[PDB]
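>>> Next input, structure requested:
(chains A and B)
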Amino acid sequence: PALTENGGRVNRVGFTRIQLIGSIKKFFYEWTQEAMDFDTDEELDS
Amino acid sequence: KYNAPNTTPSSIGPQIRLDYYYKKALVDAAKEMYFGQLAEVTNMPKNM
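Numbering: from 1, shown residues only, chains lettered A, B, ... in the order given. The coordinates are given below.
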């Protein structure tokens, strides 16, 4: 970027900006009372 | 899930204890005694 004693419109410059994009997206089990009761392991639920 | 009887395997897996064991057992009362009561006893000495 040069210059001179006279000056004037000599060195014009610009700027930009960028963009970003994201997203948010996204399970069960069942059991019977007879299963828990008549089981040998009484800590099965845990 | 389900707990079908061991022959039809349970959903969770194998089952070990299928029975509850009642500790107390059943005995038979001794037959009441009749002829033994009526008796006389004579002592037979040894070396005789």
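>>> So which residues on chain B come close to chain A?
Residues of chain B that fall close to chain A, judged by C-beta under 8 Å from any C-beta of the partner chain: B:1-3, B:10-12, B:15-17. Any C-beta I mention is one placed from the backbone N, CA and C, and that applies to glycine too.
>>> The one residue in chain B that gets nearest to chain A - how many residues pack around it?
Distances between chain B and chain A by C-beta to the nearest C-beta are smallest at residue B:3, namely 4.0 Å. As a burial measure, residue B:3 scores 21 neighbours (other C-beta atoms under 10 Å in any protein chain shown).
>>> now swap in residue A:39 and tell me
19.
>>> Tell me who's in contact with it.
Going by C-beta atoms under 8 Å, 6 or more residues apart in numbering or on different chains, residue A:39 touches B:3, B:10, B:12, B:15.
>>> which element is whatever residue of chain A ends up closest to chain B on?
Using C-beta to the nearest C-beta, the single residue of chain A nearest to chain B is residue A:35, 4.0 Å away. Element membership for residue A:35, per DSSP states H and E: helix A:33-37.
>>> now that helix, how far from the centre of its chain.
41 Å (C-alpha atoms, centre = their mean, to the nearest Å).
>>> swap in stretch B:24-38?
16 Å.
>>> how long is it from one end to the other?
With C-alpha to C-alpha, to the nearest Å as the measure, stretch B:24-38 spans 36 Å from end to end.
>>> secondary structure class for the residue of chain B closest to chain A?
coil (DSSP: H, G, I helix; E, B strand; the rest coil).
>>> Neighbours of the residue nearest to residue B:5 when sequence neighbours are not counted, how many?
Leaving aside its sequence neighbours, residue B:5 sits nearest to residue B:18 (C-beta to C-beta, 6 or more residues apart in numbering or on different chains; 7.9 Å). Counted with other C-beta under 10 Å, residues neighbouring residue B:18 total 10.
>>> how near is residue B:18 to residue A:39?
11 Å (C-beta to C-beta, to the nearest Å).
>>> So what's the residue count around residue B:9?
13.
>>> Alright, that wraps it up for me.
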